[PDB]
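Asker: Pasting in a structure now, in structure tokens, and then I'll have a few things to ask.
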Amino acid sequence: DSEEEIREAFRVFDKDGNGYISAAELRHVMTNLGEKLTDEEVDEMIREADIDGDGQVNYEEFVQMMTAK
Ligand SMILES: Nc1ncnc2c1ncn2[C@@H]1O[C@H](COP(=O)(O)OP(=O)(O)O)[C@@H](O)[C@H]1O
Ligand SMILES: [Ca+2]
Ligand SMILES: [Ca+2]
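Residue numbers (UniProt numbering): 81 to 149.
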């Protein structure tokens with residue numbers, strides 16, 4: 081239910097389907113979705129979820145970001 085919803089949310093931003101949200105994909109999705117965010121804000125959203133520091137948000141980091149209170 082909520083797990084499936086989180087998976088679809090992740091698939092919204094993993095534009096190429098390789099399992100990692102990159103800064104380029106996030107920028108493209110935000111621009112395509114009509115959201116008003118600067119490029120620095122996109123890079124900051126990536127940095128906040130990037131626990132392992134590889135520069136991309138995998139599925140588990142995304143889950144942590146969504147399921148954290
Ligand atoms: N090259 C790959 N090798 C193994 N697993 C991959 C690969 N690319 C993506 N995945 C995994 O498969 C998931 C995407 O599955 P699916 O939705 O079937 O792909 P697509 O979005 O290409 O249709 C990703 O979230 C990731 O976990
Ligand atoms: Ca990707
Ligand atoms: Ca990462």
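Think of the CB as a built atom: it goes at the ideal place given N, C-alpha and C, for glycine as much as any other residue.
Taking buried to mean at least 16 other C-beta atoms within 10 Å of its own C-beta, is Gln-136 buried or exposed?
Answerer: Within the sequence shown, residue 136 is the residue found at index 56, counting from 1. With 16 or more other Cβ atoms within 10 Å, it is buried.
Asker: Which residues are close to ligand 1, meaning CB closer than 5 Å to any heavy atom, in chain order?
Answerer: Any residue whose Cβ sits closer than 5 Å to a heavy atom of ligand 1 makes the list: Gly-97, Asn-98, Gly-99.
Asker: Between the stretch 81-100 and the stretch 114-122, do three or more beta carbon pairs fall short of 8 Å?
Answerer: No: fewer than three Cβ pairs fall under 8 Å.
Asker: Is residue 218 near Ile-131, with beta carbons less than 8 Å apart?
Answerer: Because the chain in this structure spans residues 81 to 149, residue 218 falls outside the shown range and cannot be described.
Asker: Using the Cβ count rule (16 or more neighbours within 10 Å means buried), how would you classify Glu-105?
Answerer: Counted from its first residue, the sequence shown places residue 105 at position 25. So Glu-105 ends up on the buried side.
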